[PDB]
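Asks: Protein chains in written order, with the numbering used here: chain A, 16 to 95; chain B, 21 to 351; chain C, 3 to 336.
Virtual Cβ for every residue (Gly too), placed ideally from N, Cα, C.
Once you've had a glance at the structure underneath, I'll fire off some questions.
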RNA sequence: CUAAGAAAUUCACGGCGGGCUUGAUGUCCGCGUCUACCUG
């Protein structure tokens, strides 16, 4: 339920609560109480589609409450 | 045709309680009901910079400037009282039983064939091979995770509370029993048959487990952490039930089921915890790789579908993976 | 090709307790229970503007305005009782052993290379070099950080205990043994033959370390200073808070361990002197700057890569530094 | 002397099974709180 960055990786995973890991210094900011998502390798950034919001890019741009997730995270697939 | 079950999950057996940590003196072991609780308390620290800097930002004038302002954390720790040396860890373990009957299947023929295969497994051999190994990880007190190393003498002690009273008591010594070999003692077979009859289902089994570890005056115990989700900084909050430091009821119990010795490239590297795709994070990598055919899922689907019964040294693994529970459906 | 791991973590050895404090007279031989604690008390200071002023605020009227509204704080302090003169600091040390084996590693070939290399070090030469240098900092009262300076007779007792009863006891004078010379006695080489035995996993070692320091009658000790939060900046706020464990001033369990591993006399800048604490990018904070910089090649993270991967085994006086740092612990990933 | 006048939303429900959050740390150093007072 967001509008991420330009990563076209796979069916991403996302959460808002984020802790910082220190052990294992190739991965930073491991994500907490995380929830699944599927965009199924869609073209553009806005496709998140948890359960209800797939089409309607105008309604997606209206859905800017919890959006603009940076995506640069523990994995090119996994988003913020 | 018996295709795979779309949604299948299992209720666990072998539930552990939460672990309590108390403190005292070693000579007062046999009257240790009212030992005070190892409380958590806040302290402050002051770190430095001890991480591998990258090749670009290795300037000389920047490193001393970055360590001129250190990072003042605020750590919670737990120490024993300065007059006490022996750490008492108490938790209770209940043995449910009926390990085959699932929680939420889809096909009735899958569920009936699953219960038929598990009934054959309990019919030919007992749970005795899968209970002489749980009794070990109650004996050599692996559930003391980091409090075990460097302990002087670890006396573990286990009671059978059938009624409110005790039925039959047991004392061990967790360093006479090694952390690698699975020996055969006279008082790890009266316990192993008890967990065997508890898992088969011929009674009810509730076990009180206390474990005294001799660490020393004023030393530092280790309980389990928590999350620090979302300045006023803090790091490393420990987990206390009612201001008594506590090990989680799944970090305990994770040491109950490090049983798995039957896995490839076993170089005497000791048992690991039972898991589907049987893996440990501390070793970094994941054994029982699915490209090998010695997994769990491709061991269940070749035993409940096509009936190719694997070796008995893997039917001791599949049933134990059923005992821990979990989800197993195409989620 | 073999490269370094991404997860590396080593548990500490040389486990220190928290240094408890007490006070009493001399004739300290029966100080086991009667000696009360050093209770942290509050007081009330009233400062004056003592820092440096900038090019701005060089006005006499502004300075008089700052002075006539003085600063008022509520510090804490801990003194001895006014009929005693000796501060007693007691803590128990435990050395674990198995100093090479990590607790989290990814690549098993890298772990086997490390456990081959540390084993070649240990079978080559014992822990008897590092155990002597720890027995010095346990022998003289280095761990009395500021309570040491300006004392008279800092008698350090060390018990080694196998059970509740004591196996073997020693008593040193902390002022015969200096603070920058690791000169071997007939007792410190008997203590290194216990610390090196504990560090090689040959048994259990529990050292109850007690240190008496006669500062003077009713004088002022220094326990370890905690940190106060960002509270309301008013006139009456606490400005200094001491650490305390059930109504007794104390020193932190890393303020001991920063003193114990003051080992490294192998940094290249020997223009000054002093055994600094062992650190990666080996640096002391009171001096501010950083020895063992990665600009030169004398670091720790360059040395482990040059020792384990490429097998450029460095000099012995640098090879002690790596193993002492692995005794300390930390994370050393990629 | 009113964007005044007018108005029944209702019935029933299985959230549920599983888990290792680890490793390490130096908080330092300096200080003037004064002057008074009728409780019947």
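1. Any chance you could list the alpha helix (DSSP H) runs of at least 4 consecutive residues sitting entirely within the stretch 140-171 of chain B, in chain order?
2. Tell me which residues of the stretch 208-223 of chain C have at least one Cβ-Cβ distance to chain A shorter than 9 Å, keeping chain order.
3. Starting from residue 346/B, follow its DSSP beta bridges and name the residues at the other end.
4. Whole-angstrom Cβ separation of residue 43/B and residue 101/B, contact assumed at under 8 Å?
5. What in chain C is Cβ-close to residue 41/A, meaning under 7 Å?
6. Counting only beta-carbon separations shorter than 8 Å, does residue 121/C have a partner in chain A?
7. Looking only at its chain, what residues have a beta carbon closer than 7 Å to the beta carbon of residue 337/B, apart from the 5 residues adjacent to it on each side?
8. With a threshold of 8 Å between beta carbons, is residue 91/B in contact with chain A?
9. Report the CB separation of residue 190/C from residue 137/C in whole angstroms; it is logged as a contact under 8 Å.
10. State buried or exposed for residue 94/C, treating a residue as buried only when at least 16 other CB atoms are found within 10 Å of its CB.
11. Helix, strand or coil for residue 1/C per DSSP?
12. Given that residue 73/B touches chain C, what residues does it touch there, using C-beta distances under 9 Å?
13. Should residue 28/A be flagged as near chain B, meaning a C-beta pair shorter than 8 Å?
14. Quick check on this structure: which residue in 131/B, 265/B and 118/B has the alpha carbon closest to the alpha carbon of residue 217/B?
15. Can you look up residue 300/C in the DSSP assignment and give me helix, strand or coil?
16. Anything in the stretch 32-65 of chain A with a Cβ closer than 7 Å to a Cβ of chain B? List those residues in chain order, please.
17. At what residues does the alpha helix (DSSP H) containing residue 68/C begin and finish?
18. Using a Cβ-Cβ cut-off of 8 Å (strictly less than) and excluding sequence neighbours within five positions of residue 103/B, which residues of its own chain qualify?
19. Which of helix, strand or coil does DSSP assign to residue 187/C?
20. Say whether chain B places a C-beta atom closer than 8 Å to the C-beta of residue 115/C.
21. Measuring CB atoms only, is the stretch 60-78 of chain A touching the stretch 263-272 of chain B, in the sense that at least three cross pairs come out at less than 8 Å?
22. Within 8 Å (strictly less), CB to CB, does residue 110/C reach chain A?
23. On a Cα-Cα basis, can you pick out the residue from 51/C, 335/C, 333/C and 326/C that is closest to residue 16/C?
24. Can you tell me the Cβ-Cβ gap for residue 243/C and residue 78/C, rounded? I've got them flagged as a contact below 8 Å.
25. Could you name each continuous alpha helix (DSSP H) segment of 4 residues or more that falls completely within the stretch 190-275 of chain C, going from the start of the chain to the end?
26. Taking Cβ positions only, does residue 46/B come closer than 8 Å to chain C?
27. Measure the alpha-carbon distance for residue 79/A versus residue 19/A and round it to whole angstroms.
28. Just by C-beta distance, which residues in the stretch 171-183 of chain C are closer than 7 Å to chain A?
29. Would you identify the three-state DSSP class for residue 90/C, choosing helix, strand or coil?
30. Considering Cα atoms alone, identify which of 40/C, 68/C and 64/C is closest to residue 50/C.
31. If you draw a straight line from the alpha carbon of residue 83/A to that of residue 285/B, how long is it in whole angstroms?
32. Along chain A, in chain order, which residues have C-beta atoms closer than 7 Å to that of residue 249/B?
33. Any beta carbon of chain A sitting closer than 8 Å to that of residue 11/C?
34. Just how far apart, CA to CA, sit residue 33/A and residue 249/B?
35. In angstroms, rounded to a whole number, what distance separates the CA positions of residue 107/B and residue 231/B?
36. Looking only at DSSP bridge pairs, what is residue 322/C linked to?
Replies: Let me lay it out:
1. 154-159
2. none
3. 30/B
4. 5 Å
5. 8, 335 and 336
6. no
7. 280, 282 and 294
8. no
9. 5 Å
10. buried
11. For residue 1/C there is no data in the structure shown, the boundaries of chain C being 3 and 336.
12. 283, 296 and 303
13. no
14. 118/B
15. coil
16. 32, 34, 40 and 47
17. 62-70
18. 45 and 237
19. coil
20. no
21. no
22. no
23. 326/C
24. 6 Å
25. 190-201 and 259-262
26. yes
27. 11 Å
28. none
29. strand
30. 68/C
31. 46 Å
32. 32, 34 and 47
33. yes
34. 7 Å
35. 8 Å
36. The partner list for residue 322/C (beta bridge, DSSP) is empty, contrary to what the question assumes.
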